[PDB]
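Have a look at the structure below, then the notes.
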Amino acid sequence: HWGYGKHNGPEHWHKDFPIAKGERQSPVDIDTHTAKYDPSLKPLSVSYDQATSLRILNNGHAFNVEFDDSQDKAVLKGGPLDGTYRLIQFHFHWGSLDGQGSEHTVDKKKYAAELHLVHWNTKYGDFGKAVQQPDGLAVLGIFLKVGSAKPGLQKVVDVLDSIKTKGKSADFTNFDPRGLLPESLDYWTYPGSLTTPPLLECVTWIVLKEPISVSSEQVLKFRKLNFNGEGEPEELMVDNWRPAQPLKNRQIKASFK
Ligand SMILES: O=C(O)c1cccnc1
Ligand SMILES: [Zn+2]
């Protein structure tokens, strides 16, 4: 099945998921000079104060920190969105080296990693229904560069040794996702897709302009994870990013000049 290797990587995904070659695939290169400022875009509203994290899981492709999404506890609103989008999980994509790892690029620049906070439109009732809708999801993407440590990330880093291999999960309560956010909520936005199979075209992407800095030690611990299950041959979980896809008939809008 699909993955990030030579024989099952992103260039192969279209054979099982034909939408891989669709009209609104993600990620994309964000050309900052051709994005258009849209003064009518509203400020993002990130309401994470009541977030209830549950657990952290290694799913063989990344690790997800999952949240209780059965009430409006951690929601994204405003910006380009109509309605209320609930946080269900966040995860990262990262590289084998600091010069790569992000999915979106900025003027072709790759960051060391990229955080995805995945939210779904409450009007569709559950995540499964939402991914079937063109406005079903809102993913907040945040770039990571290597520099100073991010204190709010360290609790994630420290639990990774308990979910080294595919299928392992651990309790991960009381984690505050606000500790992963940059100062500025200035953003780019465009319509796109999940960046892993099933690659469904259901996402309003909101990519923050300002990266967060993480330490080399922090991203090194991401790179010690494994794609494989326990007792299978060890393959480090690195370079779990899909490269930029054609923009096609889309315009990236910016909340800022
Ligand atoms: O690509 C993603 O972020 C994704 C794919 C499937 C399910 N949830 C998220
Ligand atoms: Zn992702």
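Residues in the structure tokens are named by chain (A, B, ... in the order shown) and by number from 1 within that chain; ligands are numbered from 1 in the order shown.
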
Tell me, counting only C-alpha atoms, for each residue of segment 106-144 of chain A within 12 Å of segment 221-241 of chain A, which pair of atoms is nearest and how far apart they are in Å to one decimal, in rows ordered by chain and increasing number, as a tab-separated table.
```
residue	atom	partner	partner_atom	distance
A:110	CA	A:241	CA	10.7
A:111	CA	A:241	CA	11.0
A:112	CA	A:239	CA	9.8
A:113	CA	A:241	CA	8.6
A:114	CA	A:241	CA	8.8
A:115	CA	A:241	CA	11.1
A:116	CA	A:241	CA	11.7
```

Expected answer as a PDB file with C-alpha atoms, in the first residue's frame: residues within 9 Å of ligand 2, only C-alpha atoms and all ligand atoms:
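The resulting out06.pdb:
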```
ATOM      1  CA  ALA A  62       2.963  10.198  10.641  1.00  0.00           C
ATOM      2  CA  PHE A  90      -2.890  17.477  14.376  1.00  0.00           C
ATOM      3  CA  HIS A  91       0.172  15.890  12.836  1.00  0.00           C
ATOM      4  CA  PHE A  92       3.406  16.865  11.138  1.00  0.00           C
ATOM      5  CA  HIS A  93       5.367  16.165   7.981  1.00  0.00           C
ATOM      6  CA  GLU A 103       4.549  20.059   2.017  1.00  0.00           C
ATOM      7  CA  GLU A 114       4.961  21.443   8.568  1.00  0.00           C
ATOM      8  CA  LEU A 115       2.241  21.137  11.186  1.00  0.00           C
ATOM      9  CA  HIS A 116      -1.332  20.344  10.145  1.00  0.00           C
ATOM     10  CA  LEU A 117      -4.170  21.042  12.562  1.00  0.00           C
ATOM     11  CA  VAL A 118      -7.144  19.273  10.983  1.00  0.00           C
ATOM     12  CA  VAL A 139      -6.530  22.563   7.845  1.00  0.00           C
ATOM     13  CA  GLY A 141      -0.750  24.653   8.246  1.00  0.00           C
ATOM     14  CA  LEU A 194      -5.927  16.038   1.948  1.00  0.00           C
ATOM     15  CA  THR A 195      -2.238  15.518   1.292  1.00  0.00           C
ATOM     16  CA  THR A 196      -2.356  11.768   1.978  1.00  0.00           C
ATOM     17  CA  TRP A 241       5.824  14.828   2.769  1.00  0.00           C
ATOM     18  CA  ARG A 242       4.044  15.099  -0.530  1.00  0.00           C
TER      19      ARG A 242
END
```

Length of the atom CA of residue 220 of chain A to atom 3 (O, counted along the ligand's line) of ligand 1 vector [Å]: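 These two atoms are separated by 21.9 Å.
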
Members of segment 5-232 of chain A assigned alpha helix (DSSP H) by DSSP, as a PyMOL selection string: chain A and resi 127-130+154-159+216-222

Segment 26-220 of chain A: residues DSSP assigns to strand (DSSP E), reported as a PyMOL selection string: chain A and resi 29-30+36-37+44-47+53-58+63-67+75-78+85-94+105-106+113-121+137-146+169-171+187-192+203-208+212-214

Distance query residue 219 of chain A at most 10 Å, only C-alpha atoms, self and fewer than 6 positions along chain excluded, as a list in words: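 Result of the neighbour search: residues 94, 95, 96, 97, 98, 112, 113, 144, 145, 146, 149 and 157 of chain A.
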
Take the residues just selected and output them with C-alpha atoms as a compact mmCIF listing (two decimals), in the first residue's frame.
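Writing done, so here's out_38.txt:
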```txt
# COMPACT_ATOMS: atom_id res chain seq x y z
CA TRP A 94 9.14 16.40 8.20
CA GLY A 95 12.36 15.71 6.38
CA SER A 96 15.48 13.63 6.73
CA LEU A 97 17.41 16.92 6.63
CA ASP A 98 16.59 20.45 7.72
CA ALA A 112 12.09 21.57 7.88
CA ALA A 113 8.60 20.43 8.72
CA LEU A 144 8.60 24.72 11.22
CA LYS A 145 12.17 25.92 10.87
CA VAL A 146 15.12 24.79 12.93
CA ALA A 149 13.28 25.16 20.76
CA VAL A 157 8.65 15.12 21.52
```

Which of A:63, A:48, A:188, A:124 sits closest to ligand 1 [using only C-alpha atoms and all ligand atoms]: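 Of A:63, A:48, A:188, A:124, the one nearest ligand 1 is A:63, counting only C-alpha atoms and all ligand atoms.
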
Distance criterion (only C-alpha atoms): nearest to residue 44 of chain A out of A:206, A:170, A:137, A:87: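 Going through A:206, A:170, A:137, A:87 one by one, the smallest distance to residue 44 of chain A is for A:206.
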
Selection near residue 182 of chain A, 12 Å with only C-alpha atoms, sequence-local residues under 3 positions removed, as a ChimeraX atom specification: /A:115,140-145,150,152,177-179,185-187,207-214

With N, CA, C and O atoms retained, export the selected residues as a PDB file, in the first residue's frame.
```
ATOM      1  N   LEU A 115       3.289  21.569  10.283  1.00  0.00           N
ATOM      2  CA  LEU A 115       2.241  21.137  11.186  1.00  0.00           C
ATOM      3  C   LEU A 115       0.882  21.325  10.522  1.00  0.00           C
ATOM      4  O   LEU A 115       0.612  22.365   9.926  1.00  0.00           O
ATOM      5  N   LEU A 140      -5.217  24.040   9.218  1.00  0.00           N
ATOM      6  CA  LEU A 140      -4.307  25.126   9.548  1.00  0.00           C
ATOM      7  C   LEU A 140      -2.900  24.557   9.426  1.00  0.00           C
ATOM      8  O   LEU A 140      -2.565  23.608  10.142  1.00  0.00           O
ATOM      9  N   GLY A 141      -2.114  25.101   8.499  1.00  0.00           N
ATOM     10  CA  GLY A 141      -0.750  24.653   8.246  1.00  0.00           C
ATOM     11  C   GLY A 141       0.226  25.659   8.798  1.00  0.00           C
ATOM     12  O   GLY A 141       0.090  26.862   8.577  1.00  0.00           O
ATOM     13  N   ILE A 142       1.224  25.163   9.521  1.00  0.00           N
ATOM     14  CA  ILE A 142       2.212  25.993  10.178  1.00  0.00           C
ATOM     15  C   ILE A 142       3.584  25.433   9.861  1.00  0.00           C
ATOM     16  O   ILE A 142       3.850  24.248  10.079  1.00  0.00           O
ATOM     17  N   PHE A 143       4.431  26.272   9.307  1.00  0.00           N
ATOM     18  CA  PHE A 143       5.775  25.852   8.961  1.00  0.00           C
ATOM     19  C   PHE A 143       6.640  25.768  10.210  1.00  0.00           C
ATOM     20  O   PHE A 143       6.479  26.544  11.148  1.00  0.00           O
ATOM     21  N   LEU A 144       7.580  24.820  10.203  1.00  0.00           N
ATOM     22  CA  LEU A 144       8.602  24.716  11.222  1.00  0.00           C
ATOM     23  C   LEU A 144       9.966  24.927  10.582  1.00  0.00           C
ATOM     24  O   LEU A 144      10.285  24.290   9.582  1.00  0.00           O
ATOM     25  N   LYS A 145      10.757  25.807  11.178  1.00  0.00           N
ATOM     26  CA  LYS A 145      12.171  25.922  10.873  1.00  0.00           C
ATOM     27  C   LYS A 145      12.982  25.536  12.100  1.00  0.00           C
ATOM     28  O   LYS A 145      12.491  25.524  13.232  1.00  0.00           O
ATOM     29  N   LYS A 150      10.888  25.046  20.628  1.00  0.00           N
ATOM     30  CA  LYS A 150       9.503  25.428  20.876  1.00  0.00           C
ATOM     31  C   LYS A 150       9.059  24.727  22.150  1.00  0.00           C
ATOM     32  O   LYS A 150       8.870  23.500  22.152  1.00  0.00           O
ATOM     33  N   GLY A 152       6.313  24.528  23.778  1.00  0.00           N
ATOM     34  CA  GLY A 152       4.998  23.911  23.652  1.00  0.00           C
ATOM     35  C   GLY A 152       4.988  22.631  22.855  1.00  0.00           C
ATOM     36  O   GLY A 152       4.004  21.886  22.903  1.00  0.00           O
ATOM     37  N   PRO A 177      -2.811  22.854  22.352  1.00  0.00           N
ATOM     38  CA  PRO A 177      -2.270  23.140  21.008  1.00  0.00           C
ATOM     39  C   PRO A 177      -1.916  24.601  20.796  1.00  0.00           C
ATOM     40  O   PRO A 177      -1.213  24.922  19.835  1.00  0.00           O
ATOM     41  N   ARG A 178      -2.364  25.501  21.671  1.00  0.00           N
ATOM     42  CA  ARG A 178      -1.981  26.905  21.554  1.00  0.00           C
ATOM     43  C   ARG A 178      -0.482  27.094  21.657  1.00  0.00           C
ATOM     44  O   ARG A 178       0.036  28.121  21.193  1.00  0.00           O
ATOM     45  N   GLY A 179       0.224  26.138  22.265  1.00  0.00           N
ATOM     46  CA  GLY A 179       1.681  26.232  22.412  1.00  0.00           C
ATOM     47  C   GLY A 179       2.435  25.965  21.140  1.00  0.00           C
ATOM     48  O   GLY A 179       3.663  26.075  21.136  1.00  0.00           O
ATOM     49  N   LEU A 185      -1.200  35.482  13.171  1.00  0.00           N
ATOM     50  CA  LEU A 185      -2.128  34.624  12.443  1.00  0.00           C
ATOM     51  C   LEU A 185      -2.359  35.109  11.007  1.00  0.00           C
ATOM     52  O   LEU A 185      -3.362  34.740  10.390  1.00  0.00           O
ATOM     53  N   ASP A 186      -1.464  35.938  10.477  1.00  0.00           N
ATOM     54  CA  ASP A 186      -1.522  36.279   9.064  1.00  0.00           C
ATOM     55  C   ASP A 186      -1.449  34.974   8.272  1.00  0.00           C
ATOM     56  O   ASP A 186      -0.699  34.062   8.635  1.00  0.00           O
ATOM     57  N   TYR A 187      -2.212  34.872   7.182  1.00  0.00           N
ATOM     58  CA  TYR A 187      -2.297  33.583   6.501  1.00  0.00           C
ATOM     59  C   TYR A 187      -2.490  33.753   4.993  1.00  0.00           C
ATOM     60  O   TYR A 187      -2.938  34.802   4.506  1.00  0.00           O
ATOM     61  N   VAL A 207      -2.733  28.590   5.569  1.00  0.00           N
ATOM     62  CA  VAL A 207      -1.317  28.378   5.832  1.00  0.00           C
ATOM     63  C   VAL A 207      -0.777  29.668   6.420  1.00  0.00           C
ATOM     64  O   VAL A 207      -0.862  30.717   5.782  1.00  0.00           O
ATOM     65  N   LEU A 208      -0.279  29.598   7.656  1.00  0.00           N
ATOM     66  CA  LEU A 208       0.226  30.791   8.327  1.00  0.00           C
ATOM     67  C   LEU A 208       1.537  31.254   7.719  1.00  0.00           C
ATOM     68  O   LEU A 208       2.409  30.460   7.369  1.00  0.00           O
ATOM     69  N   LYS A 209       1.677  32.574   7.623  1.00  0.00           N
ATOM     70  CA  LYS A 209       2.871  33.181   7.053  1.00  0.00           C
ATOM     71  C   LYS A 209       4.072  32.981   7.955  1.00  0.00           C
ATOM     72  O   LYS A 209       5.193  32.788   7.465  1.00  0.00           O
ATOM     73  N   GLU A 210       3.860  33.032   9.268  1.00  0.00           N
ATOM     74  CA  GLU A 210       4.964  33.020  10.221  1.00  0.00           C
ATOM     75  C   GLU A 210       5.261  31.586  10.640  1.00  0.00           C
ATOM     76  O   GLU A 210       4.380  30.927  11.226  1.00  0.00           O
ATOM     77  N   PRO A 211       6.454  31.064  10.383  1.00  0.00           N
ATOM     78  CA  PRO A 211       6.820  29.758  10.934  1.00  0.00           C
ATOM     79  C   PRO A 211       7.044  29.822  12.433  1.00  0.00           C
ATOM     80  O   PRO A 211       7.273  30.886  13.015  1.00  0.00           O
ATOM     81  N   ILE A 212       7.014  28.649  13.043  1.00  0.00           N
ATOM     82  CA  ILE A 212       7.507  28.458  14.404  1.00  0.00           C
ATOM     83  C   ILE A 212       8.911  27.886  14.298  1.00  0.00           C
ATOM     84  O   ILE A 212       9.244  27.224  13.319  1.00  0.00           O
ATOM     85  N   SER A 213       9.756  28.188  15.286  1.00  0.00           N
ATOM     86  CA  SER A 213      11.101  27.615  15.382  1.00  0.00           C
ATOM     87  C   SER A 213      11.078  26.439  16.344  1.00  0.00           C
ATOM     88  O   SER A 213      10.478  26.515  17.425  1.00  0.00           O
ATOM     89  N   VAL A 214      11.730  25.350  15.948  1.00  0.00           N
ATOM     90  CA  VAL A 214      11.936  24.195  16.809  1.00  0.00           C
ATOM     91  C   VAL A 214      13.436  23.921  16.846  1.00  0.00           C
ATOM     92  O   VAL A 214      14.188  24.334  15.959  1.00  0.00           O
TER      93      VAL A 214
END
```

Residues near residue 29 of chain A, cut-off 7 Å, only C-alpha atoms, skip fewer than 5 positions along chain, as a list in words: residues 104, 105, 106, 107, 108 and 244 of chain A

Dump N, CA, C and O atoms for the selected residues as a compact mmCIF listing (two decimals), in the first residue's frame?
```
# COMPACT_ATOMS: atom_id res chain seq x y z
N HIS A 104 3.70 22.34 1.73
CA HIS A 104 3.68 23.62 1.06
C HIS A 104 5.09 24.18 1.03
O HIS A 104 5.91 23.89 1.89
N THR A 105 5.35 24.96 0.00
CA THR A 105 6.58 25.70 -0.12
C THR A 105 6.21 27.16 -0.30
O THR A 105 5.08 27.49 -0.68
N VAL A 106 7.16 28.04 -0.04
CA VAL A 106 6.94 29.48 -0.13
C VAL A 106 8.00 30.00 -1.08
O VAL A 106 9.20 29.92 -0.79
N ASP A 107 7.57 30.46 -2.25
CA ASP A 107 8.51 30.84 -3.30
C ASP A 107 9.54 29.74 -3.50
O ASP A 107 10.75 29.99 -3.57
N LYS A 108 9.05 28.51 -3.54
CA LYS A 108 9.82 27.28 -3.75
C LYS A 108 10.69 26.90 -2.57
O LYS A 108 11.33 25.85 -2.62
N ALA A 244 4.87 19.63 -3.88
CA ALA A 244 3.92 20.57 -4.44
C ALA A 244 3.28 20.04 -5.72
O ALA A 244 3.94 19.51 -6.61
```

Residue among A:120, A:17, A:127, A:2 lying closest to residue 198 of chain A, counting only C-alpha atoms: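 The answer is A:17, which sits nearest to residue 198 of chain A.
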
Nearest-residue call for ligand 1, choices A:27, A:125, A:101, A:22, using only C-alpha atoms and all ligand atoms: A:27

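Using only C-alpha atoms, the nearest neighbour of residue 136 of chain A within the list A:191, A:167, A:10, A:78 is A:191.
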
Contacts of residue 122 of chain A within 7 Å, only C-alpha atoms, excl. fewer than 6 positions in-chain, as a PyMOL selection string: chain A and resi 84-86

Pick from A:250, A:59, A:21, A:76, whichever lies nearest to ligand 1 using only C-alpha atoms and all ligand atoms: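 For ligand 1, the nearest of the given residues is A:59.
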